[PDB]
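Input: a single structure, listed below in structure tokens.
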Amino acid sequence: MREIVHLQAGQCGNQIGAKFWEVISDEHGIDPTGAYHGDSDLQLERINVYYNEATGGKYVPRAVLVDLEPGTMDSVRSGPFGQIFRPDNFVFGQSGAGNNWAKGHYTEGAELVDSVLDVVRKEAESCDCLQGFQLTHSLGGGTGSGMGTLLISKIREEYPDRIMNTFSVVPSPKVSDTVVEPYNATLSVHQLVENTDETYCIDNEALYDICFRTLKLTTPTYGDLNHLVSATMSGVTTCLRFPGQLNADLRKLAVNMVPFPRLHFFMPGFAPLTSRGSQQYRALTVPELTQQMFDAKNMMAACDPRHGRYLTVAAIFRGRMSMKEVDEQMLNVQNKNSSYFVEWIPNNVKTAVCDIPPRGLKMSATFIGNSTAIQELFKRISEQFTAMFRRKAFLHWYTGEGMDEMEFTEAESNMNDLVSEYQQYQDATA
Amino acid sequence: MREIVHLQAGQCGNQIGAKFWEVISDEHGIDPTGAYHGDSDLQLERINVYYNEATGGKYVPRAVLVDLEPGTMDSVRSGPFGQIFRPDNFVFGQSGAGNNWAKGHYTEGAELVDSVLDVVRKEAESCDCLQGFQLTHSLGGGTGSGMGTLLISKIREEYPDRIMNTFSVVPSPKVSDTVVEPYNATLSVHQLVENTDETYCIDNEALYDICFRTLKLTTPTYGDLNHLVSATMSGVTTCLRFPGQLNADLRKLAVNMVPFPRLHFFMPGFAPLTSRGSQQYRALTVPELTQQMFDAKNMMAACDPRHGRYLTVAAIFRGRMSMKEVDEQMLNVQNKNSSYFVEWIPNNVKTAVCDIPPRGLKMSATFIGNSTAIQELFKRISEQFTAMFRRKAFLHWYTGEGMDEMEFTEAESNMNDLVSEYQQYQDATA
Amino acid sequence: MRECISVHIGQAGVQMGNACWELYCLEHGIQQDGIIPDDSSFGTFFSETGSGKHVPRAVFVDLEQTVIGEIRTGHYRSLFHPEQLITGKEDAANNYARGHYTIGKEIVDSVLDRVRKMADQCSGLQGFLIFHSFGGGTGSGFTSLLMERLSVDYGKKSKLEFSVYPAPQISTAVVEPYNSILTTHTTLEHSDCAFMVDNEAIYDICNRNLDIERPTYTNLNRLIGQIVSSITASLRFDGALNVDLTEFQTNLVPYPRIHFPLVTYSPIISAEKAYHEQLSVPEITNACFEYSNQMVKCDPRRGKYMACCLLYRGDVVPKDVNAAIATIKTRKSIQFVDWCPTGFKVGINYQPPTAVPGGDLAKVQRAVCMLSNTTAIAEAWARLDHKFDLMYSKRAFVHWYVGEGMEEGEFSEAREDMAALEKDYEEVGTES
Amino acid sequence: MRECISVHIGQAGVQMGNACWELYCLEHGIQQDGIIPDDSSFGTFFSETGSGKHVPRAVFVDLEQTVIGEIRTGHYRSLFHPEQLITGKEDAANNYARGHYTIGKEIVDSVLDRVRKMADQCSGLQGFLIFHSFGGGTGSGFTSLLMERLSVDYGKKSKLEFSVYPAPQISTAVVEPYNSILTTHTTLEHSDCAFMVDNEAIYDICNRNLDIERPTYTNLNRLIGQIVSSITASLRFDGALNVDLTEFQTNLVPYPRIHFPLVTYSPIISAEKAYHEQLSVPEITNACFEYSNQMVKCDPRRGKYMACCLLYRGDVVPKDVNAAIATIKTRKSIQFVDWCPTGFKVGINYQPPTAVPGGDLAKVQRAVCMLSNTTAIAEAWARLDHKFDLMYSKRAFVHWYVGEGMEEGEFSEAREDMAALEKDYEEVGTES
Ligand SMILES: Nc1nc2c(ncn2[C@@H]2O[C@H](COP(=O)(O)OP(=O)(O)OP(=O)(O)O)[C@@H](O)[C@H]2O)c(=O)[nH]1
Ligand SMILES: Nc1nc2c(ncn2[C@@H]2O[C@H](COP(=O)(O)OP(=O)(O)OP(=O)(O)O)[C@@H](O)[C@H]2O)c(=O)[nH]1
Ligand SMILES: Nc1nc2c(ncn2[C@@H]2O[C@H](COP(=O)(O)OP(=O)(O)O)[C@@H](O)[C@H]2O)c(=O)[nH]1
Ligand SMILES: Nc1nc2c(ncn2[C@@H]2O[C@H](COP(=O)(O)OP(=O)(O)O)[C@@H](O)[C@H]2O)c(=O)[nH]1
Ligand SMILES: [Mg+2]
Ligand SMILES: [Mg+2]
């Protein structure tokens, strides 16, 4: 019950998703062949949240893998935990999008979206009680930015009441990996602000800092980054799967984290994160976990909360803990940093405590923060977008696929309005 | 009791029939030599429905094989399960029909039909209680279209009350395999609408899709297609041969499936159909079987039901199942797709549940749907027929065999009327 | 059970027949004689005797006696029945009148009797296969004489003929236009379906696709031998979707006077360059519609298709055949006439084509023979009629024809009939 | 699944192709034939046949028949399909008019057909790779003729071309300015992205970094072979951050008429002096921006960058790639145009470059290929236009071009178009 259906997109989503399903399968005792060999029976009670059952103990993830190119999934199915997925769920075309939002959304993905929906509806209709849709993609690419937002609009129009949460990789400020990022980001964001309930903004540059600074990793592959993203995606959906002293459903977070309809962009975090040599110098207790959760150096988004104020916050703990400690620490954080929390919200923290921790850890915690400092990210993209758009830097690649320059102006105006709204609610009462 | 006598025709019927008798013999434990070696005694209790008995445990099918050319049957008798048939039942001429309906019906088959009837009457008179006649042929050929309809008229005039069901292969819309298909189809249909009780329209193109899409077969021979047709022909005649929680006789289906006398064209289906690699990702339960039964991609006819409305439907299940599930699923389908079902019929589903499933399957189901969308098939043939007939494209081959142009006009008018009637009953009350 | 009587007229038919019956004997394990070594479907072409000797069901007729005299001395001397091989006193000398009126009258009653002794020996008669030249002589006069005689003795029985149609540029006789029109006028009402081939077209294929700069007539005949084997493979062998000789008449001939299909055979590939080819069903099917592979030097795209018969062989999957034809139907360049939405007749056989030792074709796995009726052949008739008009206007060679049993009027009647046929091809090609 | 059709035009393209397909066969375990010994991603370049023979998906076309005739006698004689290798009667004789108007017209319909037989055989068409010379002859006229033909038959399909751009000082033909401008004028509107290389620039690299005083054309081609392998490595192999040929068009071409990136390949190092080098990611990344390592003798710092594609290979960590690019962005000397804050497209692949036996490059662990679009190339066009202006002012060699299908006006139209393009490069390089 309260089933979640996972949607992929592009190379980023498919690579992140493949790691998410390896982590989830690990905490539920699911072998790469699909059989269950877990020890605790609790991990099997709510296994229906992500997995469908079959004969012989085989469990099939409720995942839909889609890309405009099959090279990425062929890697997915060939790699570990790739044979787990249902073959019919690999929906793909032949000609990929050239990192342009127009092709993925209007031309290339348009003719393939129907094939995906026919799999989504079939997956959704098998759920006793559908909780929501989970999408992993990237705003800087073409498939994820274009097709991922096309799917979002299609599903929202078909399942208006269900919760839709997106874990989107955002372009980093320091260095880019695609020359047309401002166009893909601006156009993709124009869709997200209207057709999703809670977007978890992350960027690789921030995860590079975490691996370099905290984990002291000298050879951080994309597998290491994707594991970090996986852990936070597992954290926000643990109450649905395990019991605890205080539960938090996805809609429970959205209600507590989204004051206004359009301010639904979150910057996640995780704890504990320690190197292999620094593990023997740590207490591993609630007071320190809460300390690094709010540390700006341990957040998976570029924007620093110190530059703005927290509208709201969520702290989904895991492992058996003293509820007294948890509340005292959250209150302690609230008192010290009273300047960092918006004042017209008397309480800015939503708490939850799951009983079962991730494998190999006695304790854990996932941080979710809706901060007005996120306005920096969108404002930075606006500056890049308007720079290129001022002299038709690359439009012909977009307008030739069916787009129009008017849509470019509308997307920029909408993003600027959102930045204005985030700034407006950063000021105190009256 | 309730014996069925099987009639072949042409190369299509003889090839389909040879596979049908291999499948039937498999579920009754009949060896290719005619001996019985089944395990369950139930498959032997009603073996008289298709087989006649002889000394030494030999069982002889009640089949009549006829073609205007012996090349096809010589393949039948030389192949497996060919020595099973009674040699006297191979009734054939020397000069075949050149894929023209006129030759098979008026000239070539006319002089040979009497030889066939003398075998049909001899077969029928050996039945304790004759249920009906089963004919397999093709509307695009010359023997099946011409002679098969000539036999139909002869038997209907000789056994007016018995049920006559035809499993006719219909020309595909995409590509043809005979230049004169519109003439053979139109003339053959002119006879079917008046002299048969229930026609099961199928086309190869649809079966090509099923093998390509569902079964993921890369080398689909005609043996694979004929097996699909065999399974549905076995399904509709399982209640006569095995017990179940709820039985459905051939006349039971005809009453529930044919509201008006002329609307007796059905588009069958089958389930489960899964590839060899996708079997381990399926539950194999009633809810999913009923789901793909009504899927337009799993039907053995080109016409898509979404373009029209179901007048009636039948769902002959096989295997031990929960009757509660079956009724709930049929009701569930009825509620969701209320637009697809005609409204002046309060209930559009006829259900049946046989206890014994096909060999190697725990569960199965056969779908039969009388849909107004079938009007597309006949309308498409009408467009092709009138195109050729407008300028005497190939008439001289037909009028030279004894036909007349008046018969061509009458056949087209009758087919157009049937299309009109199907369209008329697609509109709601008043 | 089934049967086919092969009548070979003239030097072309006799020499084409030599290749056909070298292939059939090879397709059945026969040993260049009627003997089969220490192989069951032969009955369609070979009669059997208690001695273990199989006798071809063919008639070789020629007014000249040099070509047939070479058979009697060849390797197949002991194969044919000696009375099947009919030879005359003096050839027709490239004159239609001699073949039809003066010399043919002295042999027709002899060949027709041997045909009779074969027709009544068949369990069931299916049709006649006629091999002859269109250039002239025996092939133009004797055939039209024989065709009229078969049309009355056997009436509605199928009569298929394989004609070596004159090439547009290449020519070996000076009076071909006279013979070509005269024979056509007397064969339209007595022939069911005439399959056309041109020496020039096969000459192009033999060097363009087979890598041979020195094609003899043996090479062309071996290519024609494959085609006839494919046409009659359904009778001779088992298959998934068979076709009978009587089916061609209705499938390819929309109108009684328009029965001149072209011919094609796709996998005409050298053995060496076959190693670099997949030879899949979709590609060979597309090759049939290319002007570069037609066996008649008439461009299909100059006109509209009216009917097509695809006779596949060997390892072929009917699903692939469905796909390939579907794509070809999609192509706009490949134009079918509007009044024929149903454009294709399909036939599939399980027997791969056999390669003659010492031949040129590769050991292909699957092959397709295409028989297409097109309005493009109207251009060839117009070109042929122009050549006839030039000569006749001057009465260039009339005195030879008039003085050997014919008459002046027949030249006018034959030409006007060809004008009507050319008009008919135009009416068929226009709609509304 | 993916595919790339390689068209090699002229002596340069054919000889460059010889190196490319010696590398691809080595990158896939192929054995100089279509055979693979007793190796699964080849499908992008090699078609497969049931015989176990892999057929390159390339077309070799030349009006001259000496270079291709050497392939047919070379070690790769039994690799290519014989009909892929197309040869003409007489070369273009360094004349654009002959290649485009007189001789090209007699071969274009033949090469285009073989392209068609390849395009329809691909599960999905991705783009075309064109190798040709800019000096002239076939490379200048035939290509612009072929490019216009591909632009209509295939429309929006990607068309990438590798051009041997004329060197500033070194020259081997006297009429290069005529051919260079004429082909450019007819390829701006039909080409997506043209990668430029100069013989002189690679000559400097081959002795300055590789320790060789005697570079032949084989050495230069082997260097170009590595670049194309890197560009197409994403399709051929797995990686952390892949890139597709259709991505270059949007990433590198800000405007339709400005699509002339430079080329670079950093670890061009001798085997002996590689023992004294760390060859870490930051250092090789910095080498790409040095004028001493460009494969086109145009200095980047004379202009402003507009787009860059870094295609890493082998043992590479994306964190290092992030750092190195970050530092390069910091350097003030490396100037990017203001209207392109997003300056880099990055691609990472797990397959280390393979070294050809008998080659000169070292057995490097990781390598980077950089494809940069810069305004500096505007200087090269201006220099080229000056040379054309000098000759044309005197009508130095016009009579050859006018008399072989071309016309006097086309010289003026071609030059003014180049003037507009040079003007366009200036407008793009200025802001506010
Ligand atoms: N394909 C093929 N065509 C041939 C062959 N021999 C002759 N022909 C054709 O036959 C045409 C002329 O008719 P012929 O067969 O030579 O003359 P005929 O049928 O013997 O009649 P006569 O003139 O009386 O000898 C020529 O234009 C040739 O193209 C052959 O061996 N193979
Ligand atoms: N890198 C490289 N460049 C070459 C090679 N061969 C020729 N070129 C270049 O090609 C330029 C001239 O064009 P060509 O390829 O020689 O002439 P073409 O394309 O054969 O056209 P034609 O004049 O008709 O023969 C010269 O300036 C050379 O720089 C080669 O093997 N490698
Ligand atoms: N963490 C992570 N990020 C990725 C991965 N692959 C791509 N990205 C990011 O995605 C962006 C490129 O867009 P991409 O998803 O590849 O284009 P698409 O395939 O059309 O969606 C860049 O900002 C990359 O940083 C991955 O495997 N892991
Ligand atoms: N499924 C199937 N269809 C066939 C077979 N043989 C022929 N057909 C179909 O029958 C039609 C041809 O008519 P045919 O029956 O061969 O002519 P007939 O022998 O005079 O009845 C075509 O539409 C074929 O698709 C077969 O073995 N299996
Ligand atoms: Mg002669
Ligand atoms: Mg040259």
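The first residue you see is number 1, and the count goes up from there.
Just so it is clear, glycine is given a Cβ too, placed from its N, Cα and C backbone atoms.
Copied from Swiss-Prot, the annotated features are:
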type: MOTIF; residues: B:1-4; note: motif 'MREI motif'
type: BINDING; residues: B:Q11, B:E69, B:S138, B:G142, B:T143, B:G144, B:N204, B:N226; note: GTP binding site
type: BINDING; residues: B:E69; note: Mg(2+) binding site
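Positions of Swiss-Prot features highlighted on the structure.
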| residue | record | DSSP class |
| --- | --- | --- |
| B:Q11 | GTP binding site | helix |
| B:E69 | GTP binding site | coil |
| B:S138 | GTP binding site | strand |
| B:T143 | GTP binding site | helix |
| B:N204 | GTP binding site | helix |
| B:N226 | GTP binding site | helix |
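Proximity to chain C (Cβ-Cβ under 8 A) holds for B:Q11, B:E69 out of the binding-site residues B:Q11, B:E69, B:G144.
By a simple count of nearby Cβ atoms, those within 10 Å, the most crowded of the binding-site residues B:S138, B:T143, B:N204, B:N226 is B:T143. Counting only same-chain residues at least 6 apart in sequence, those with a Cβ under 8 Å from the Cβ of B:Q11 (GTP binding site) are B:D67, B:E69, B:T72, B:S138, B:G141, B:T143. Residues B:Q11, B:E69, B:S138, B:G142, B:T143, B:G144, B:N204, B:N226, recorded as binding GTP, reach a greatest CA to CA spacing of 23 Å.
Within the motif 'MREI motif' (B:1-4), the DSSP-based counts of helix, strand and coil residues read 0 helix, 2 strand, 2 coil. Annotation for B:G144 (GTP binding site): same-chain Cβ neighbours under 8 Å, separated by at least 6 residues, are B:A9, B:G10, B:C12, B:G13, B:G104, B:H137, B:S138, B:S168, B:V169, B:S188.
Counted within 10 Å of its Cβ, the other Cβ atoms near B:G142 (GTP binding site) come to 33, all protein chains included. Summarising the environment of B:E69 (GTP binding site), the number of other Cβ atoms within 10 Å of its Cβ, over all protein chains shown, is 26.
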